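Protein chains in written order, with the working numbering: chain C, 350 to 466; chain F, 48 to 78; chain B, 287 to 381; chain W, 183 to 454; chain U, 17 to 103; chain Z, 13 to 75. Structure record follows, encoded as structure tokens.
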Amino acid sequence: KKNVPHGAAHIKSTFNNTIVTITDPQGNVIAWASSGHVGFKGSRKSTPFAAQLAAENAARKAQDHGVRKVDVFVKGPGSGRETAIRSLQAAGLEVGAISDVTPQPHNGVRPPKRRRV
Amino acid sequence: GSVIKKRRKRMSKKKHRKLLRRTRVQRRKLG
Amino acid sequence: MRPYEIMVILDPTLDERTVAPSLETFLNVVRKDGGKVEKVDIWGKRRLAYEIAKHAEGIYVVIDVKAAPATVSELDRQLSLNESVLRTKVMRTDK
Amino acid sequence: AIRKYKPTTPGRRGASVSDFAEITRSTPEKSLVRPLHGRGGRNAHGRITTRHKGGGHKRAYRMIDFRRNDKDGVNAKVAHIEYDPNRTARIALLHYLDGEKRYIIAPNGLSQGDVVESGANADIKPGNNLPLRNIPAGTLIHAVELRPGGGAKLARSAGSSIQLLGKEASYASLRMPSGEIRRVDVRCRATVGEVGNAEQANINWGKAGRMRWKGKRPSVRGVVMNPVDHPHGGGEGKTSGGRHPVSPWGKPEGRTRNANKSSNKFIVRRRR
Amino acid sequence: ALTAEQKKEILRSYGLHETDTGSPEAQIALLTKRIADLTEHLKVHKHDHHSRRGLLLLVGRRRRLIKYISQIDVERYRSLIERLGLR
Amino acid sequence: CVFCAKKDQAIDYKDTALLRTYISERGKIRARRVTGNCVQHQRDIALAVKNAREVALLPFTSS
RNA sequence: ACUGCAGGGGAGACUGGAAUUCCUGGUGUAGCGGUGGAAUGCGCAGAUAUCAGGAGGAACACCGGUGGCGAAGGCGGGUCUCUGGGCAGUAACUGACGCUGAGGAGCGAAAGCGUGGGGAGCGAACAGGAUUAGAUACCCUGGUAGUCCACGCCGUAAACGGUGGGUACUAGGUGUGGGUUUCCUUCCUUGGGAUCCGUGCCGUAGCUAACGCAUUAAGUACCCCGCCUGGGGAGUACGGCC
């Protein structure tokens, strides 16, 4: 337990899950990855509502240490990143660096095949 | 469609190849 | 006789310490081979778009040598083996 | 670099042999040649410990310079490349400018008149021998001693090489051919390059006699011995053993390394 | 390199005179030069089979030209052969 | 549209300020049609940018 | 031949990096991962996540397109050595030396095969779970061979424009690539126009069973080569070559 002058949010969403966690700009963990702690299974945990709950619980973890400003590094296409953004705003912490860090690898690895409906 | 013209040959070669994979050995090799 | 533009990168500290020596030490070798040195111009030091494992800032060395390609390939070899040589680029001057 | 023998006799179908193209027609210097003799696999007590070293063929050996000391800014010229019976590699004869004939394992296609540098201020052009501390990472070397002045012990055979994976405060990260990673004292000497004779693995020895010429005896299977002589022996119906693979004296084919060996502070990654 | 220098020196030796580019002899001589340099290239790398195709075409030209010569003269034919050597 | 009467001095990699106008904020390559360029100059640029990027005059991804 | 121009044309050598996987360490924890839904599985021995650092293999985003080059298959991460081909203008040279081309020789994706290396990710086979009446298939997990490299073999495919090659000629227009050159000669436009190649579209005639083609003809017309002559049995058998 320590005071946080400033944090570093990382958010990654998917089409079956999303995570929200706050790291230290130094490079360690402040706030445990909050999604999944809601009792959701399967495609349920990917939903925006889950994103809201994860954001809220992240804020609770955030104030268990004490922070008011956390930069935002979001990636991972999913069910709506902005739901988490707005819920964190509802928690009311300074956004700071809102800009995404969405990976865009140059064309290397051959992808897998889930192309069978 | 015009594909019909191709299918008969598709099947024919298939049974040929299948028939020989069934014998790539002394079953056929001896002869 | 193969006008080439040659660019070399390094920590500016060593550049100021060895402005000429660290360059002449091989440019003279090229001359021994029978080459032609045009420039040693440096655009001071500059920040890199990204850190090359270290040294976020380096230098902008431009040489410009009209030597034989064999001598040049030997030059590049020597330099690339020299730990003070980073991201040497060598470009031709025509089609 | 291998000619294949033509099928004529039944014993020589796929048999092959190196062309010896790199070999100059030259005999060894008597000042360096030293004798030796076969001992089979017999020790000082007259008992056989290694069961396949008997027989062979009359052979000499050469005083190879590994503790390279004459290197204080002194160059050397390659004169001849000679065949070395005791090694899969081939050797090169170096003449020092001050007058001295020494043999050393040749790395690449060295030839008569190739100037070799040595010491500390030499470049790392193949053939030079200088300490790891002065060699940049990301290259291959050979003939590496494990101790300052202790003599080259790693990577001496054909195709052997050690890749440098960076340096420590006073140690150096070496990648051996097996894939193991080891930290060694940076003051150790090393010969740059690799042994460019990488064809022995592609030589199929043919008829048995070539291995009997070399010095390898038959390796009798354990199963066919009788029980008192080997654990897997005996039986009626050409069985295998009745328990599992062991040596003739009862030792599982497991890890024999002494776990408390005084090298675990240097070994950091094990091979597969 | 197949440069103007090479071309002119060949024309000065095998060629008839300075302004001679229609000469079968001159053209052949230069093609055999291309053969020399390019063949030497093929002695190494042994995979640019596109430039190899180029070689084969040049060989075709050379053969056709000497055939024409076979219909035009035998003295120039033999003289040229004496210079070159048909396998 | 561009490079009309300016066929005297080349660009190469010694004008990152100019090339910045030929790349995105991230530094991604603009199409010929963005500037009305000629293809010869477009490819000259494509090579120039890559070289400058390899010498970290410009980034691969100006994030 | 000369002069200029474009070009991912090819080989070889060197080589950068985003990123993925793995690993060391730190942080911090009970879920991750996955779907149509769900499971198998992964994770409590600290997974995933996240910071830094390290290894290694593969492919090389943006440019990049309707575009370029190549006989074609095919070829676009960079630098560099070597090296092929093509186009315009010039018209210096020869003076029919042209075209085609059975048989023949050579190049020839991917898959596959030999020998040997390499082997990140992916991924036949395979295994397991799910689905289904059943599912040796789809779906998911994990995963061999292989993909990659050195040197060799087989010589196939929509190796397709389902259009052999060359040659000459015949409504136009619109776009595009390369280069040359005129009027506007700066009206700046580097436009319009002429000309040679290549490229994509629409379109007159003509042709075509129709669909459609149409100055890149599937039109007019010559030369050469090649192939068929109902579908199956069959591009298989016997034979012979590789």
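In this text, a Cβ means the ideal position worked out from N, Cα and C, and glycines have one as well.
So is residue i buried or exposed if we call it buried at 16+ other beta carbons inside 10 Å?
| i | result |
| --- | --- |
| residue 245/W | exposed |
| residue 428/C | buried |
| residue 279/B | Any answer about residue 279/B is impossible in this case: the structure gives chain B only from 287 up to 381. |
| residue 455/W | Lying before the first or after the last residue shown, residue 455/W is absent from chain W, which here runs from 183 to 454. |
| residue 53/U | exposed |
| residue 91/U | exposed |
| residue 462/C | exposed |
| residue 338/B | exposed |
| residue 20/Z | exposed |
| residue 267/W | exposed |
| residue 59/Z | exposed |
| residue 394/C | buried |
| residue 416/C | buried |
| residue 361/C | buried |
| residue 34/Z | buried |
| residue 32/Z | exposed |
| residue 363/C | exposed |
| residue 191/W | exposed |
| residue 102/U | exposed |
Just the C-alpha distance for residue i and residue j, rounded to the nearest angstrom, thanks.
| i | j | result |
| --- | --- | --- |
| residue 364/W | residue 271/W | 24 Å |
| residue 448/W | residue 348/B | 44 Å |
| residue 356/W | residue 300/W | 21 Å |
| residue 361/B | residue 316/B | 7 Å |
| residue 310/W | residue 231/W | 39 Å |
| residue 373/C | residue 52/Z | 48 Å |
| residue 388/W | residue 200/W | 13 Å |
| residue 50/U | residue 378/B | 25 Å |
| residue 249/W | residue 226/W | 28 Å |
| residue 42/U | residue 31/U | 5 Å |
| residue 344/W | residue 358/W | 5 Å |
| residue 184/W | residue 80/U | 42 Å |
| residue 56/Z | residue 65/F | 56 Å |
| residue 263/W | residue 297/W | 14 Å |
| residue 40/Z | residue 430/C | 25 Å |
| residue 303/W | residue 275/W | 22 Å |
| residue 295/B | residue 313/B | 16 Å |
| residue 375/C | residue 446/W | 33 Å |
For residue i, which beta-bridge partners are listed by DSSP?
| i | result |
| --- | --- |
| residue 398/C | None; residue 398/C has no bridge partner. |
| residue 283/W | 277/W |
| residue 431/C | Looking at the DSSP assignment, residue 431/C forms no beta bridge with any residue, so it has no partner. |
| residue 349/W | 354/W |
| residue 357/C | 372/C and 420/C |
| residue 351/B | 290/B and 323/B |
| residue 372/B | 295/B |
| residue 331/B | 345/B |
| residue 311/W | 300/W and 373/W |
| residue 262/W | 275/W |
| residue 68/F | According to DSSP, which records beta bridges pairwise, residue 68/F is partnered with nothing at all. |
| residue 380/C | 371/C |
| residue 428/W | 434/W |
Problem - Segments assigned beta strand (DSSP E), at least 3 residues, entirely inside the segment 192-257 of chain W - result: 198-200
Problem - Contact list for the segment 293-327 of chain W against chain B, Cβ threshold 8 Å - result: 305, 306 and 318
Problem - Contact list for the segment 367-379 of chain B against chain W, Cβ threshold 8 Å - result: 367 and 369
Handout entry: Contiguous beta strand (DSSP E) assignments of at least 3 residues, all confined to the segment 318-395 of chain W
Key = 322-324, 334-336, 344-349, 353-357, 363-367 and 371-374
Problem - the segment 289-309 of chain B: positions lying closer than 9 Å to chain Z by Cβ - result: 291, 293 and 295
Exercise for the section: Give, in chain order, every residue of the segment 52-75 of chain Z whose Cβ lies closer than 8 Å to some Cβ of chain B. Expected result: 63, 65, 66, 67, 68, 69, 70, 71, 72 and 74
Exercise for the section: For the segment 36-80 of chain U, list the alpha helix (DSSP H) runs that are entirely contained and at least 4 residues long, ordered along the chain. Expected result: 40-58
Practice task
Using a Cβ-Cβ cut-off of less than 9 Å, list which residues of the segment 313-344 of chain B approach chain Z; keep chain order.
Solution key: 329, 332, 333, 334, 335, 336, 337, 338 and 344
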